[PDB]
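Novice: Sequence and experimental coordinates follow.
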Amino acid sequence: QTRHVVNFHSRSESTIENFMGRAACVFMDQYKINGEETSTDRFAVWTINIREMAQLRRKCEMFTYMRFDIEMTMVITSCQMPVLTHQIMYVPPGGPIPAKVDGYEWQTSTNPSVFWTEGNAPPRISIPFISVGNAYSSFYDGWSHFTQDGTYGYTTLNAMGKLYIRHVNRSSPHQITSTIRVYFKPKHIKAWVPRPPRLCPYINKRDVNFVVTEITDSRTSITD
Amino acid sequence: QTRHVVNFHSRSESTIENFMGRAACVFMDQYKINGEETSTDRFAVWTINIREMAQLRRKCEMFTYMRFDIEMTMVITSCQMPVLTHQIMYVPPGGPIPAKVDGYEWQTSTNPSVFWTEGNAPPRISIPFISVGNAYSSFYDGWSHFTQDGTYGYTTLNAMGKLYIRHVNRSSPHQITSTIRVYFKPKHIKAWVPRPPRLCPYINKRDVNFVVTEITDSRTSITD
Amino acid sequence: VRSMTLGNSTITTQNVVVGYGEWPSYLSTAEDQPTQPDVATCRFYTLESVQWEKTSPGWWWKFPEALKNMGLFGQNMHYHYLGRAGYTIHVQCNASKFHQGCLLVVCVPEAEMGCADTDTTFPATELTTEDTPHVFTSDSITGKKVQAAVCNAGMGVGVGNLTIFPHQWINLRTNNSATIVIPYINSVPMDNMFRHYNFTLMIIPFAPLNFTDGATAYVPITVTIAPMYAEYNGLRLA
Amino acid sequence: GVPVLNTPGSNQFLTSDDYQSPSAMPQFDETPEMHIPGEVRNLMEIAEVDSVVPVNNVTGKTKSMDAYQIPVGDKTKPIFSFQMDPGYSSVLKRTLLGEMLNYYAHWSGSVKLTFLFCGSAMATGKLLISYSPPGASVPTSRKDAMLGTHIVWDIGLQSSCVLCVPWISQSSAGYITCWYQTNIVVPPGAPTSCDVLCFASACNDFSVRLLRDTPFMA
Amino acid sequence: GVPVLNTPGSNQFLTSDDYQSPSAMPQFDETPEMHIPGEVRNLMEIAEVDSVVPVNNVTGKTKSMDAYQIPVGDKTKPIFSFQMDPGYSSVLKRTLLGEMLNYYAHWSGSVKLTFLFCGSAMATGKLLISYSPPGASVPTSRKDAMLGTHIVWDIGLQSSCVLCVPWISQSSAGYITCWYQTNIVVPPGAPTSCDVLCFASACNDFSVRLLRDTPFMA
Amino acid sequence: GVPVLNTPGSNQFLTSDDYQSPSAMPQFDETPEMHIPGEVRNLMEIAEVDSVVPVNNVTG
């Protein structure tokens, strides 16, 4: 490459909506169709949170507070029959969860769910700003239980819900193993209180713990 | 045939947009679905450039500078099952590339990709004028590395990106060999600095090297 | 007869082909600020005269760096890594009345030339020898150098329809002088003057020189370049 | 919602359509357009540029620049002669004119020819440039060329004679022959043999309709 | 009803589209927006904030806060020197400036540097801060740095000298060297060795185009 | 976007329809219409022309 005259004047790509509002795959998972009537491998879960993969988590940690609608579009495949129909049930933060693929929770009227049959366009489900407070908090320097009990750094305001996914087909002659790819996307996003970027690598998906990393890459002397 | 009175007055077919803006197939390639977990024959590449086939390259070499949006529509087939879903990932000039079909680069949020399932209309992805400069240069009488180093005639301004294409299905019982046909089309095209047409045949797809060809077809005498 | 002068360089001249109907001009930001030399730079830089015999196939110069050793322009190329100019190019021929011939004086922006034996490149000193011109050849040549055969000048095009560019015919029957103004054709407003050759002044004899056994065996072609509206990057802080 | 019904032609891919492509980079704002000199806004602006025509393209003079040179200096046979059609003619098929016309099937218009005499400033003679209509036969003699359409082009006065040949179209053409009216009269100092260059472009305006692929590329 | 026909691109999933998503909770009315202090409405508002630059990032001083401290108090070799490009430069790559610029491929603008002298209130000396253009070579001596662009920064008068480096873009950069014009003159009571902190931000306005993924995260 | 629903009769091919066919040659501009003598604009303009009637159409 060579250093060219990069002559233009624009910051429309640096706005918050043009920086955060990009769809990224945040959840791959497998789920069967038949066998093991009492099993946990016939449906998916994925509790919705921004701390899924480090690349997007890093961007969410530029800002302390942010509020945004989410508009996820699933991309569902299958391996190994009839034409298959799926169900992607979003439960709100206050919502019952299934324990099995044949639980009664799947029939709850307050849990919205899409019934996507195979072959069509991917299913798209949009969720508004659910949180109790006025913004989602990326960081919470506080304790969930009063008087400095356990569970540091976890507030219940930045709870977004869960996403239970199953086949609606009761059975099949052979085994069908479906794969789902949830594409998370912030929408109509506002952000408050900027924050310095992450320096150290991430350790765990529910905490801010880190190993002390060097500031920058080292050089030989101060003058070279 | 016979010489007829071709009586009309029109040059709307001779404009630049009615001369360059025509879809042409520029990339056939095969890619499997299963086997050889570490292989390069399970995805396609095609670095996007105008110097693909000589018929369109000749037209792009009528003009020194030109700028245009590109709107390519892929035509994907299959041979030998479930219903298949594909992924056509366009990476920008500044973008990470996959090394395997199961690399992490496929999940990059800044690389836009279409997820086309088989049976529908062909997938269409449109790319704007990416280049750093103010036009794409068909010819570059210059050196990439300063002080007359290697790599003559290759500037980094006329870089358009790449187009990684794979199956999203993880596996299959039998072998499925998909074929893709990328239909490149310039759009909203402007062109500067006209240039004489190519006379000699093309040798290689990254240079202007040629064999000295005769000007025109020869005749017997100057007077016949 | 008009005696043009620029700075401390006066030439004697005898119609101008303004390249692409535009006259060169300046670029008109505090993030990137150009410096306009104006002083010097604009004077006439007369290259070495070139003898045109009966068997001369042609010549080419690659600018802007053909002037890389030409005074203050050639020296500002080394201190600024970005620039642009206009290059008024006078081409006299001062032949006699009994000489005959015809020249194509064309500028050809972005003349990407091809290697003589393809499947390889050339060592970068074959495109340009600063002030002195690389001649064409009458037939095909081999080796790691530029395929300099006329009828396929440098780019693999026909040499006859090389007239699409800013050109001027010098027919010794009628005229002797040519002048072309090339208003910096490039896709970026400024570019480095050592990497990129903005255009290629090539003089190609279509009708060959001819004369009898008493005249001088050659016709010296004089090339003069005046870099107009040269501007560079800024070296000062903001 | 809105009751729609898909017509025949839904979910197909017609290669030549002008539909609104969904942009893959919507946030992306493209580079501002600067003014670059020499914009082309129509292809027939290339055909209107004169360019040298290889009239002397005989069997051994096409890989040199002797193809463009018409030798001047026998008065019974013409100097040169060629079909007047930029397509399917060895002389006018690789001209800018003749090359921007092989991209098209239907074209119709006129074509101007400039004959630049590249001899000495002391050589003087006359050449008779005859034109045959597209149906007529070629003149076999100089007198028979004089009785048709011609222009006795005095070299000693003007050194560039311009034609404008009409009725040029395809979807059996004219002839531009040239004759020795007089020989080239030359003083003792100047050379005896001279050359004549030719040119070709679109005369006033050119019409052209049906785009196709060029035959030259393989 | 209405005769429609599906174009190419129907029933596909382009990742980067801006279509009206059908809301899953239509009855649901979201919480009213209160005013929270410190809203960000553009990313380049983070790049305009000064932040300390680790100039002294030598091989054993990068996991401590000795990386940010330029030791002041041999006049033949410069105090410090570094490439002037927030990308692909060890000194300016983890700055707020240099970190909001690794999210993008095309960026162009200027950058201002503040040199805060953190010595005593009695220490007095001169430092010569030279700037080399992106094509030029570094000054090997103090005189050769004085003949180019420089600012003889008197410490005893002002304790903070601000630059503004233009022509900073990527899609071979400048140099900010610093020299001992004079040594640090100090009374008997004050300490002899001092430190100089550095800062960096966007000078006036910064341009930035093509978003990408950052290299730092793995 | 716009909530549409396909009616019965979608994705069929009725032979006698008058829908907007997507043109295969959009850039192409067709030949101008000259005036040719004797235009027919209705078929019953042929029936109004007298013509000889074979009344004596016996067997031979």
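Specialist: Structure received. Numbering: from 1, shown residues only, chains lettered A, B, ... in the order given.

Novice: So residue A:55: helix, strand or coil?
Specialist: Three-state call for residue A:55 (DSSP: H, G, I helix; E, B strand; the rest coil): helix.

Novice: Hmm, residue E:216 and it touching each other?
Specialist: No: contact criterion C-beta atoms under 8 Å: residue A:55 and residue E:216 do not qualify, at 10.1 Å. No exception for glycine: its C-beta is placed from N, CA and C like everyone else's.

Novice: more neighbours, the two?
Specialist: Between residue A:55 and residue E:216, counting by other C-beta atoms under 10 Å in any protein chain shown, residue A:55 is the more crowded of the two (18 against 15).

Novice: number of nearby residues for residue A:195?
Specialist: 16.

Novice: Pick out the residue in chain A sitting closest to chain B.
Specialist: In chain A, the residue that lies nearest chain B is residue A:24 (3.5 Å; C-beta to the nearest C-beta).

Novice: Can you tell me who that residue pairs with across the strands?
Specialist: For residue A:24, the beta-bridge partners under DSSP bridges are residue A:184.

Novice: which one's the longest strand in chain D?
Specialist: strand D:194-208 (DSSP state E).

Novice: Is the longest strand along chain A positioned near chain E?
Specialist: Ranked by residue count, the top strand of chain A under DSSP E comes out as strand A:63-77. Yes: Strand A:63-77 reaches chain E (C-beta under 8 Å from any C-beta of the partner chain) through A:63, A:65, A:67, A:71, A:73, A:75.

Novice: between these, which is nearest chain E?
Specialist: Nearest to chain E among the residues of strand A:63-77 next to chain E: residue A:71, at 4.1 Å, using C-beta to the nearest C-beta.

Novice: And the nearest residue to residue C:97 once chain neighbours are set aside, how far from residue C:141?
Specialist: The spatially closest residue to residue C:97, leaving aside those adjacent along the chain, is residue D:121, at 5.2 Å (C-beta to C-beta, 6 or more residues apart in numbering or on different chains). Distance, residue D:121 to residue C:141, using C-beta to C-beta, to the nearest Å: 35 Å.

Novice: Quick one: name the residues of chain D near chain F.
Specialist: D:1-11, D:14-18, D:209-211.

Novice: Buried subset of those as a PyMOL selection?
Specialist: A single PyMOL command selects the buried members of those (16 or more other C-beta atoms under 10 Å in any protein chain shown):
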select buried, chain D and resi 4+5+6+7+10+11+14+17+209+211
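
Novice: Which helix or which strand is home to the residue nearest to residue C:97?
Specialist: Counting by DSSP states H and E, no helix or strand carries residue D:121.

Novice: hang on, isn't it packed against residue C:176?
Specialist: No: counting by C-beta under 8 Å, residue D:121 sits too far from residue C:176 to count as a contact (10.4 Å).

Novice: thinking again about what came up before, quick one: the residue of chain A closest to chain B from residue A:54, how far?
Specialist: Distance, residue A:24 to residue A:54, by C-beta to C-beta: 11 Å.

Novice: With residue D:187 instead?
Specialist: In this view, residue D:187 and residue A:54 are 90 Å apart by C-beta to C-beta.

Novice: so who does residue A:105 touch?
Specialist: Going by C-beta atoms under 8 Å, 6 or more residues apart in numbering or on different chains, residue A:105 touches A:91, A:96-99, A:111.

Novice: Show me which of the residues you listed are buried.
Specialist: A:91, A:98, A:111.

Novice: Show me which pair in the residues of strand A:63-77 next to chain E is furthest apart.
Specialist: Pairwise distances across those peak at 30.8 Å for A:65 and A:75 (criterion: C-beta to C-beta).

Novice: And for residue 215, the neighbour number?
Specialist: Reading this off chain A. 20.

Novice: Sorry, I should have been clearer: chain C.
Specialist: Around residue C:215 there are 18 residues (other C-beta under 10 Å).
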